[PDB]
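Here we start with a single chain on its own, the form deposited in one PDB entry, put down as structure tokens.
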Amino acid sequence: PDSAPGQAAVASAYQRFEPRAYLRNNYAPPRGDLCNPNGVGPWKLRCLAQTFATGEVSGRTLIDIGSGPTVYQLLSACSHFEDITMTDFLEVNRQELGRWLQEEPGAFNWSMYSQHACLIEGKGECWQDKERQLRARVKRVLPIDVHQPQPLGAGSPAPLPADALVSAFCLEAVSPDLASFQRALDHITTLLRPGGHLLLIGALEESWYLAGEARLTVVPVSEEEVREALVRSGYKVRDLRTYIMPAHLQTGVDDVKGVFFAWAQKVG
């Protein structure tokens, strides 16, 4: 009933979120080992690539929900949208992205992800070009809070409503419980036009993960709880797949048991 408390714990916890530690924990090897086809990184990129390869997900505007300090989730997307908004709750994540946008050396190096996306897209694109295009297409980086009824605030810059949403490992990671998760899904759904698509990636049955000193709390969800929430929010589920976390990728940075990928289309 009372949402403020939980949301408050969440905002408090994320004050210690350390972008570099999170980058190290989830995007450096072994999880970041793009050479193993059976690994989670490759599975994620594959889900994204194949979905965009249908030609079915297009438009002018895309919004990435809770980008954090990562851009891989946009590698396959960025050829299908002119205008891309990135977003995060934390300024420090926003600056990280700033560093990559400016093509700075101190920036996290995504080039293995870029190359791998080029490889699986099968268009013989070099990664430098992929990166140049993503950089061109990211039109803004915005503060966001998915617990607000207007997640971007009122009279935001973002071209609304968007043609498509992307969101990876955000909702479940900032929702104390399932009902909060559902509301979070409801709030971002206001930003999507009817007939628009949502690509949702996330952890299955996770209760915690580490990002430096910060040990943050996650609502454990199942594939079925994810399908229901999507239906509940007004989506047709077009695709929902499950990756089971291999013991060797279960590194102690979290208690994640699997990863889900959902392609959902909002009812018009």
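Throughout, rigid core stands for the largest set of C-alpha atoms superposing within 1.5 Å between the two forms. Sequential numbering from 1, following the sequence displayed.
- Relative to one another, 73-81 and 147-155 have unequal mean CA B-factors, and 147-155 is the one with the higher figure.
- Relative to one another, 112-120 and 173-181 have unequal mean CA B-factors, and 173-181 is the one with the higher figure.
- Out of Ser67, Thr242, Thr54, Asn26, it is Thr54 whose C-alpha atom has the highest B-factor in the PDB entry.
- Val92 sits in the lowest third of its chain by CA B factor, as recorded in the PDB entry.
- Sort the chain's modelled residues by C-alpha temperature factor and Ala11 lands in the middle third, per the entry.
- Ranked by C-alpha B-factor against the other modelled residues of its chain, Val237 falls in the highest third.
- Ranked by Cα temperature factor within the chain, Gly202 sits in the lowest third according to the deposited record.
- Among the modelled residues of the chain, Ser167 sits in the lowest third by CA temperature factor in this PDB entry.
Unshown form deposited in another entry; subsequent notes refer to it.
- Aligning the rigid core between this form and the one not shown and inspecting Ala49, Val237, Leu216, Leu34, the C-alpha positions shift by 2 Å or more at one residue, which is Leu216.
- With the core superposed, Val253 shows a C-alpha displacement of at least 2 Å between this form and the one not shown.
- In the other form, the CA atoms of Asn109 and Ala211 move apart by 3 angstroms or more relative to this form.
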